[PDB]
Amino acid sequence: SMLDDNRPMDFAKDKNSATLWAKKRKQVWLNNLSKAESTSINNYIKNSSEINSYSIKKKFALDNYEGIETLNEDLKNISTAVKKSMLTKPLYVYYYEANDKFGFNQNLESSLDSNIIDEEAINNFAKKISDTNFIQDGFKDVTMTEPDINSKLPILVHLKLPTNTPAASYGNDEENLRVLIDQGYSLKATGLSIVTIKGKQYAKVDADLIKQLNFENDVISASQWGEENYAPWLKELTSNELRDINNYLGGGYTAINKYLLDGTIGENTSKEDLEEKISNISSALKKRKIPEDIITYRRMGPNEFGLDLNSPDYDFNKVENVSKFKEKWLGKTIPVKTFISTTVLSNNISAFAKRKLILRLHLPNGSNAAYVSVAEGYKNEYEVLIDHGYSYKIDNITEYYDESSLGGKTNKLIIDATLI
């Protein structure tokens, strides 16, 4: 408290004061902890990687995936624990980072001198980290001061945690103490420069810890947001807009998106009938722009990335195929001719349970899209339908293993993208 009030914003290299500051708040914090919270924080110290990987499994799973009960409690308890340790004022924190957490596949090390960052590489890196909110999965533990030792990693992240961030002081090494940050945040870069540490150059990413609107498994908040923001939208629909949205949603999407993609027409119908429907849906989707940045999701089929169900390249159980996919698509901009059916929940969908490509889309304020599930007849649905003719900017690709039978017992790819 006295030292909470008198501490700097950035401990920089003062790890003495940092550990002192850390020490009291550490003691006081755990005396607010239930037995379950202490043991869950202890579980995080012992195997953070397993807990964090599980948080990913769980949030992307099917609805009645019951998973592993211990890790469920761990996920719940770590979160309440750190929420009892909120920052009184901003805190800068530090960690070395791998380029794939920025979706960057180019080597930053110059080929001439390993102590020196490559100029063209870091210029490409500057572009890649711009205009992107980098979602951070699981809990993120960090350090209070600029590292004083080598890393095999190319990047140093200098991250600004805002006031009231759940950020608990913890660890075993009681000099060099760590900071445990709650789930649910993203990274937004605020600057880039080269920093020399122990004779070696690293790419220093200055960034802010920000919180994006991302419902993940929270159906109640999702439903409430949809209702609040798109109930008036549903009112303003012309009878033909309502009809053709409902037609699309009830199965018309198959012929409509097929036509938009490459002009295929069934012998049953006509160009004019398809165009009219596309006209009505698209005019509808322009009537109330997305009111705030939101994260939304899509179970994508292989065709959306030029693959077939039986393409060798679609076997992500092989590391080489994940690498190929990352090399092909990271940093790319992909035109999307179709309307985009998305769901604001991270939950898997039964009809699409085995699709291996999971879009995690940053949908900006101002996008021509609507929460169409406000309409009558879409209970259990949480869809945001996006207008045709936008593009995906591919920001990251993150593999995880869906171990479930219904999910397909396969590696899947979380494809972080920005709608442009």
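Between two forms, the rigid core is the largest collection of C-alphas that superpose within 1.5 Å. Residue indices: 1-based, along the sequence shown.
S.K.: Please indicate which stretch deviates more in 4 other deposited structures of this protein: 329 to 337 or 256 to 264, judged by C-alpha RMS distance after a core superposition?
M.R.: It is 256 to 264 that deviates more in 4 other deposited structures of this protein.
S.K.: Hey, after superposing on the core, which one moves around more in 4 other deposited structures of this protein, 402 to 410 or 5 to 13, CA-wise?
M.R.: Between 402 to 410 and 5 to 13, greater C-alpha deviation in 4 other deposited structures of this protein belongs to 5 to 13.
S.K.: Going by the mean C-alpha B-factor recorded in the entry, which is higher: 313 to 321 or 185 to 193?
M.R.: Between 313 to 321 and 185 to 193, it is 313 to 321.
S.K.: If you average the Cα B factors in the entry, which is higher, 396 to 404 or 20 to 28?
M.R.: Per the PDB entry, the higher value belongs to 20 to 28.
S.K.: Can you tell me which of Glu304, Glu97, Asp141, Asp148 has the highest Cα temperature factor in the record?
M.R.: Checking the PDB record, the top C-alpha B-factor among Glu304, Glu97, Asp141, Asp148 is at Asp148.
S.K.: Would you mind finding, among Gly103, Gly250, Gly226, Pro232, the residue with the largest C-alpha temperature factor in the entry?
M.R.: By C-alpha B-factor in the record, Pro232 ranks first.
S.K.: Pull the Cα B-factor of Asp273 out of the PDB entry and bin it into the chain's lowest, middle or highest third.
M.R.: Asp273: CA B-factor falls in the highest third of its chain.
S.K.: Can you work out whether the C-alpha temperature factor of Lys35 puts it in the lowest, middle or highest third of the chain?
M.R.: As the PDB entry reports it, the C-alpha B-factor of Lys35 lands in the highest third of its chain.
S.K.: Split the chain's modelled residues into thirds by Cα B-factor; is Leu75 in the lowest, middle or highest one?
M.R.: It falls in the top third of the chain.
S.K.: Going by the CA temperature factor in the PDB record, which third of the chain does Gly331 belong to: lowest, middle or highest?
M.R.: For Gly331, whose C-alpha B-factor we compare with every modelled residue in the chain, the answer is the lowest third.
S.K.: Based on the deposited C-alpha B factors for this chain, I'd like to know if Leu3 is in the lowest, middle or highest third.
M.R.: Tercile = highest for this residue's CA B-factor.
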